[PDB]
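A closer look at the structure
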Amino acid sequence: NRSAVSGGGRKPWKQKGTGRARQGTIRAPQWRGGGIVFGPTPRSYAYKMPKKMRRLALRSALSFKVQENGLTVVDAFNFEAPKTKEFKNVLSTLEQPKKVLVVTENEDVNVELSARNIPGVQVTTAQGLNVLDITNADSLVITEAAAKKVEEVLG
Amino acid sequence: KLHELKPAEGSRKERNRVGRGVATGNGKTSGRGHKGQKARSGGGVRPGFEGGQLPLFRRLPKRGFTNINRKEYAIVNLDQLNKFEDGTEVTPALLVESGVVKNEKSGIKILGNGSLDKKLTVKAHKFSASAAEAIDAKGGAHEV
Amino acid sequence: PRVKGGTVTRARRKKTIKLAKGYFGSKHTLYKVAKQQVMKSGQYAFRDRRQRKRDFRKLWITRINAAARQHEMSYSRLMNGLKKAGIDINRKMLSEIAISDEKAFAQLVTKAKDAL
Amino acid sequence: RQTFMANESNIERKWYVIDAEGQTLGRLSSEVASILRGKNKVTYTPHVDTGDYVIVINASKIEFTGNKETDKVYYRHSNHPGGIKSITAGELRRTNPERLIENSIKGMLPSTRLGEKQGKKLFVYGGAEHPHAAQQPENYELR
RNA sequence: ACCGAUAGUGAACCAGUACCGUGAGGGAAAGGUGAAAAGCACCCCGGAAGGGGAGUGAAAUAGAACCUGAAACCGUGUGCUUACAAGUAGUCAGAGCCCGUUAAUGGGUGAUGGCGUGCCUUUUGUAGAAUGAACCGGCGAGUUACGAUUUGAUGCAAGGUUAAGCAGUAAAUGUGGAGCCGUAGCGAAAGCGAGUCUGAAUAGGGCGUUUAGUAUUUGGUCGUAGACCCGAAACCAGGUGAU
RNA sequence: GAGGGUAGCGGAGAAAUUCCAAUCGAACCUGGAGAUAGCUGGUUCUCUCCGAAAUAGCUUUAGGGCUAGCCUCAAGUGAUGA
RNA sequence: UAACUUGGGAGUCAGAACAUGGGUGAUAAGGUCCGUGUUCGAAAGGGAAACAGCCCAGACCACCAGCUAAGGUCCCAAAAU
RNA sequence: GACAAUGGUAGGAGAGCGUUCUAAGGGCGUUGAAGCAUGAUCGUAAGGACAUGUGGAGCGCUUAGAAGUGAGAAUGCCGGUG
């Protein structure tokens with residue numbers, strides 16, 4: 001703004017006597033190189049909503065995903081070492097779309113290490129579910145333990 | 001879907017911008033008028049008043065005082081006591097728990113506004129004439 | 001984000017300068033002078049669309065007067081005579097008949113005289 | 001849009017001669033002006049010339065009414081400081097009768113570019129003889 | 001969901017530098033060939049600068065004053081028109097003479113006729129001889145934070161809601177019930193309570209008994225901060241000057 | 001002529017409000033500082049609907065302000081308006 | 001065919017001419033101060049030569065159609081020598 | 001289909017155009033993007049396309065989000081030219 005720009009302390013010329021517009025500083029808004037008025041300033045954009053509405057939104061996303069046949073309940077993911085090709089073949093066997101979200105109960109290291117370099121796949125746990133992850137994903141693949149945890153935690 | 005989003009009907013509205021041409025209706029003077037104290041940057045007079053006639057809150061007298069030893073009682077009327085099973089016992093530690101009293105300011109007082117239709121024993125700090133008569137009128141007990 | 005000008009101010013100023021072609025001197029070159037004259041042209045044309053109807057009715061009546069005087073009578077008595085008969089032909093058609101069909105007009109002056 | 005417009009490809013002009021003996025000055029000048037303009041034709045067009053030529057003979061013995069012979073005065077100014085001239089209408093009749101008729105008629109025509117051309121078709125002669133026999137002028141009676 | 005060379009630091013470049021002042025001190029302008037210098041051997045006009053060919057290169061109207069290259073302004077050549085005429089310069093009508101479109105009751109020019117005293121600001125009232133603008137281009141003015149109130153939407157409902165903190169990817173949301181608003185008023189207060197105050201006296205009178213709120217958020221307005229922008233004559237504090 | 005001294009709430013003045021770096025009824029520079037301005041000037045895109053006032057009272061008040069009168073939008077009563 | 005009530009947002013507090021009822025002035029002022037109507041302000045179009053306030057009359061847009069108001073009909077200039 | 005309303009300053013209310021960035025989806029481009037120039041084109045307005053030249057590497061569309069979001073005037077500031 002005016003005060004933060006370097007210089008511009010003295011008056012450029014006398015108030016009257018010569019034929020010129022009256023000016024007070026060389027860093028006024030209408031000068032070239034002067035201060036800015038009503039510009040950007042750092043702030044935060046976050047806000048909140050009632051706890052009861054944060055849960056009604058998540059169940060709505062799960063229900064909409066279930067409505068269009070985008071839910072796939074499977075058995076345990078039995079991986080002993082990270083390997084991308086095995087999970088790619090598993091995804092292609094179950095006939096899954098390009099964008100898929102896979103949900104488990106705890107942090108599975110051998111599942112998350114693979115299936116993460118494939119463009120369009122993300123891994124999450126039961127207590128890490130998002131409104132954005134569910135809406136952005138095209139289909140949902142879950143485990144029975146994860147499904148039970150999701151049913152018991154929510155309501 | 002993320003590519004088809006829609007806010008609820010009537011939930012949003014666009015802000016009004018002044019000083020952006022004559023066709024908008026707020027172009028030149030931006031709704032302020034012509035050449036006054038209220039048409040300058042920095043506003044005008046204080047919200048109450050300033051200068052001029054003597055203000056209304058200066059030609060009236062002051063009144064009263066405040067007692068430092070003031071006591072306020074959380075009141076429960078006879079209708080709020082029907083939620084309890086007949087024949088039960090009511091205590092100040094249970095009214096707060098069951099969801100009748102939220103804040104216990106300086107004790108519990110029972111007021112006689114409504115109908116009881118119970119036979120429950122209630123113990124509280126204060127009672128009114130109607131509260132004590134109606135409670136005892138159908139069987140019961142009370143203490144202080 | 002910062003929004004700058006460019007490709008918006010120039011586009012609308014060229015539209016105004018392009019409506020002033022044929023104007024004299026700097027009134028087809030400079031935007032500020034051309035903008036004023038284009039507004040006056042629209043104000044003139046609105047006024048002149050409604051004066052064009054008063055200008056042509058006068059021309060027809062002048063021609064009907066000259067044709068009628070050749071039959072020993074004036075315009076005022078011609079329109080009264082036609083009205084008392086019910087010809088209902090407007091001034092635009094009577095003028096076009098007197099210029100072209102000389103002896104068809106004489107068929108209408110007679111009936112205007114028959115009813116007096 | 002059906003209106004006919006006359007133009008130079010089809011304009012016809014003819015010549016007339018009018019006697020100025022025993023007539024009032026203004027009553028004759030108003031009738032001559034309606035002929036020079038072309039107000040007596042069915043093809044009158046405002047922006048083109050349609051009228052005919054007029055010859056005025058016997059410009060003398062033009063008659064006034066009342067005491068206009070001595071009372072009516074014509075003034076002019078030479079655009080020099082303090083120079084204004086004057087002449088009586090009864091004095092102009094006996095020394096320049098052609099100008100008396102010519103100026104009276106020219107005062108009844110519009111002062112446009114077309115008005116000056118339309119006023120150049122009037123010929124005024126003080127006697128009963130005119131030199132325009134190459135054309136075939138016709139006698140005209142005043143309404 | 002910060003800037004992109006008038007922006008962003010005064011300074012993208014040899015910038016606290018050129019420059020200005022005795023001194024303290026004030027302070028700029030200036031980016032862009034090409035993928036690769038392959039940066040025009042050689043011939044012609046000239047003293048030279050400059051140019052015309054020939055070559056390099058995809059391209060030289062990319063030749064170092066080098067990407068793109070607008071407007072003001074200055075020139076050359078051409079279709080229609082102008083030396084008797086009184087013009088805020090246009091608009092409506094209209095012959096004649098030349099062209100041929102995003103193909104449609106087409107384009108350029110204009111012999112003549114009718115009508116017609118610029119724009120803004122400030123005013124009871126301005127063509128005004130009241131103010132401002134030489135022209136073109138860029139830049140240049142109701143914003144944000146925290147509170148109050150009112151309106152729309154959404155969730156729950158005699159209940160509604162958490163703050164700090166902790167865990168988590170600087171997230172979403174878990175957990176956290178200190179605290180806040182409402183469910184009951186009246187009175188200066190003690191106090192009483194669907195009723196209370198005044199009063200000897202519901203006698204009369206005043207304010208209450210509606211007894212549905214509460215949390216987040218779009219829009220309007222207000223308050224505290226410079227608070228729509230530019231503009232003083234002055235006051236105070238610490239320093240520099242008797243060339 | 002050369003070398004020195006007196007500094008702004010001050011210095012110098014054969015006295016004129018005269019001089020103290022082309023400036024003096026109180027020098028210049030940098031800060032408080034975006035001082036304050038009931039006063040001039042300015043305030044950037046387009047359509048649709050409605051459409052004033054230049055009055056009263058009080059005012060350290062008179063070219064300023066506050067309440068009332070006149071305009072607009074939303075809800076309610078509904079015949080109370082001419 | 002309006003009026004009253006409760007809420008959100010204003011602007012206005014320099015007015016002028018004409019007719020009429022009065023004060024003041026000199027039965028002066030395009031003077032000044034009040035009461036009562038109109039127009040301008042914030043109103044284009046026709047008439048009064050030109051001429052915010054006088055007479056007629058309230059422009060959504062297009063047409064080379066018709067009837068009227070004020071005011072007019074010898075020529076400029078539309079319509080009775 | 002029948003009727004009715006639509007001059008307007010201060011000011012109140014409503015519906016829209018265009019500009020830069022983000023998200024999701026779907027596309028164009030050396031067989032030539034943006035920008036610039038011309039044209040006898042389209043819509044009620046702000047404004048949107050198409051064709052041809054120049055140009056040599058990026059850019060539109062749909063639905064949402066957020067603003068350093070629109071210039072003719074301040075004896076306005078900077079550059080160029082009368």
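- The deposited coordinates for this entry were obtained by cryo-EM, with a reported resolution of 2.9 Å.

**Things to note about the overall build of chain D**
- Within chain D, the regular secondary structure consists of 5 helices and 6 strands.
- In chain D, the order of α-helices and β-strands from amino to carboxyl end is β-α-β-α-β-β-α-α-α-β-β.
- Considered along the principal axes of its C-alpha atoms, chain D spans approximately 55 × 40 × 30 Å.
- Within chain D, the proportion of its 143 residues that are buried is 36%.
- Approximately 9100 Å² of chain D is accessible, and the part contributed by carbon and sulfur atoms is 45%.

**Section: the nonpolar core**
- Core analysis: the largest hydrophobic core is formed by 23 residues, its most contacted members being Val32, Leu36, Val54, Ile101 and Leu122 of chain D.
- In terms of residues, this core owes the most to one element, helix α1 (residues 25–37) of chain D, which gives 6 residues.
- For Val32 of chain D, the contacting residues outside a window of four places in its chain are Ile18, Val54, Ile105 and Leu122 of chain D.
- Membership of the second largest hydrophobic core comes to 18 residues, among which are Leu78, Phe84, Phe127 and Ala132 of chain B.

**Quick look at the pattern of salt bridges**
- Evaluation of the coordinates by the stated rule reveals 11 salt bridges over all chains.
- Note that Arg47 of chain C is salt-bridged to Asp48 of chain C, the shortest N-O span being 3.4 Å.
- The salt bridge involving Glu138 of chain D is made with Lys14 of chain D; its shortest N-O contact spans 2.4 Å. Of this pair, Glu138 of chain D sits in strand β6 (residues 138–139) while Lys14 of chain D sits in the segment before β1 (15–19), and the two are 124 residues apart along the sequence.
- Members of the salt-bridge network, linked through shared partners, are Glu8, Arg13, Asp49 and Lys121 of chain D.

**Looking at the interface of chain C and chain D**
- With 13 residues of chain C at the interface, the matching set in chain D holds 13 residues.
- Between chain C and chain D the total buried area reaches about 1100 Å² when both faces are included, carbon and sulfur atoms providing 61% of it.
- Scanning the region where chain C abuts chain D turns up 0 salt bridges.
- Taken together, the connections running from chain C to chain D amount to 3 residue pairs in polar contact.
- Of all the secondary structure elements, the ones that give two or more residues to the side of chain C that touches chain D are α2 (31–69) and α4 (91–100) of chain C.
- With 8 residues, α2 of chain C is the single largest residue contributor to the side of chain C that touches chain D.
- Here the side of chain C that touches chain D is built from residues that sort into 7 nonpolar, 2 polar and 4 charged.

**Examining the packing of aromatic side chains**
- Overall, the coordinates contain 7 aromatic pairs over all chains when judged by the stated rule.
- Ring geometry for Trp13 of chain A and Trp31 of chain A: centres 6.5 Å apart, planes at 40°, overall tilted. Of this pair, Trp13 of chain A sits in the segment before α1 (51–67) while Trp31 of chain A sits in the segment before α1, and the two are 18 residues apart along the sequence.
- Their ring planes at 40° and their centres at 5.7 Å tell us that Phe79 of chain A and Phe87 of chain A sit as a pair that is tilted.
- Under the relative-accessibility criterion, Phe87 of chain A is labelled buried at 2%.
- Three or more aromatic residues link up through ring pairs in this structure, and these residues are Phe77, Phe79 and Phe87 of chain A.
- Lying across the ring of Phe84 of chain B, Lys83 of chain B places its NZ or CZ 5.2 Å from the centre.
- The ring centre of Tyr31 of chain C lies 5.6 Å from the NZ or CZ of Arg13 of chain C, which sits over that ring.

**Describing the protein's contact with RNA strand H**
- Close to RNA strand H lie 38 residues, the nearest being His3, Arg17 and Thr29 of chain B together with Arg12 and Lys35 of chain C.
- Those atoms of RNA strand H that come within 4 Å of the protein belong to sugar or phosphate at a rate of 64%.
- One nitrogen or oxygen atom from the main chain of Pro1 of chain C is found 3.2 Å from a phosphate oxygen belonging to RNA strand H.
- Looking at the surface near RNA strand H, the elements that each hand over two or more residues are α1 (9–18) and α2 of chain C.
- Looking at the surface near RNA strand H residue by residue, the class counts come to 10 nonpolar, 10 polar and 18 charged.

**Considering the arrangement of the chains**
- In this assembly, 2 pairs of chains are in contact, and the pair with the greatest number of contacts comprises chains C and D.
- Spatially, chain B is disjoint from chain D: no contact exists, and the shortest C-alpha separation is 39 Å.

**Thoughts on the protein's contact with RNA strand G**
- Among the 35 residues in the neighbourhood of RNA strand G, the closest are listed as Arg49 of chain C together with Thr3, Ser30, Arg37 and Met108 of chain D.
- Sugar and phosphate atoms form 78% of the subset of RNA strand G atoms that lie within 4 Å of the protein.
- Between RNA strand G and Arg27 of chain D, the relevant distance is 2.9 Å, taken from a base oxygen to a side-chain nitrogen or oxygen of the residue.
- Between a phosphate oxygen of RNA strand G and a side-chain N or O atom of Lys39 of chain D, the distance comes to 2.9 Å.
- Breaking the surface near RNA strand G down by element, the ones donating at least two residues are α2, α3 (75–85) and α4 of chain C together with α1 of chain D.
- For the surface near RNA strand G, the leading source of residues is α2 of chain C, giving 14 residues.

Thresholds applied
Residues numbered from 1 in each chain as written, not as in the entry; some residues may be left out. Chains lettered and ligands numbered in written order. Part of a larger assembly, values for the part shown. Heavy atoms only, no water. Helix = DSSP H or I, 4+ residues; strand = E, 2+ residues; numbered from the N terminus. Buried < 20%, exposed > 50% of the residue type's maximum accessible area, 1.4 Å probe, protein only. Areas by Shrake-Rupley, 256 points an atom, 1.4 Å probe, with all protein chains shown as cover. Core = buried A, V, L, I, M, F, W, Y, C linked by side-chain atoms within 4.5 Å. Contact = heavy atoms within 4.5 Å. Salt bridge = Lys/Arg side-chain N within 4 Å of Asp/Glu carboxyl O. Buried area = accessible area lost by both parts, 1.4 Å probe. Polar contact = N/O pair within 3.5 Å; in protein donor to acceptor, adjacent residues only side chain to side chain. Nonpolar A, V, L, I, M, F, W, Y, C, P; charged D, E, K, R; others polar. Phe/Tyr/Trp six-rings, centres within 6.5 Å; stacked < 30°, edge-to-face > 60°. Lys NZ or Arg CZ within 6 Å of the ring centre and 35° of its normal. Near = heavy atom within 4 Å.

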